[PDB]
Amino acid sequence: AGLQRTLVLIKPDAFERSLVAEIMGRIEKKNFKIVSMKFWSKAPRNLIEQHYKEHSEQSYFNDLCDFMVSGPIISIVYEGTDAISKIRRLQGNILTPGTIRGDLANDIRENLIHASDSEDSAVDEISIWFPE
């Protein structure tokens, strides 16, 4: 159909703030299904640098990587119709109420969730987090 898979990361601030189920539930309620999922008490720095490799020349790169290893993360592969753009829209931004970030986050770095933004992004990120 329009069936896709996408990669979501629950960032360390979500564990710190006890918002993990809240974020996952918003995705669950829109009828997206968990296909694979891993809990990382602390993700390998190399995985993070790989994950954010397109950001490696940006001023925020090192602070971002520091944050992403500052606490646990969960990586999830979600499946559903048009999953990539729909889950991206769910993620939203800190300016847009109704979305995960819009309702729950208020920082340029600590924003609770990553979601893939393209088919190409999704394939690669999935490969990073679930090589098997």
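All residue numbers are counted from 1 along the displayed sequence.
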| query | finding |
| --- | --- |
| Greater mean Cα temperature factor according to the PDB record, 51-59 or 73-81 | 51-59 |
| Highest-ranked of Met24, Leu112, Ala115, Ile108 once sorted by CA temperature factor in the record | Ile108 |
| Modelled-residue ranking by C-alpha temperature factor, third containing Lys38 | middle |
| Third of the chain's Cα B-factor distribution that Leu7 belongs to, per the entry | lowest |
| Entry-reported Cα temperature factor of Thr99, expressed as the chain third it lands in | lowest |
| Position of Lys29 among the chain's modelled residues by C-alpha B-factor, lowest, middle or highest third | lowest |
| Record-listed C-alpha B factor of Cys65: chain third | highest |
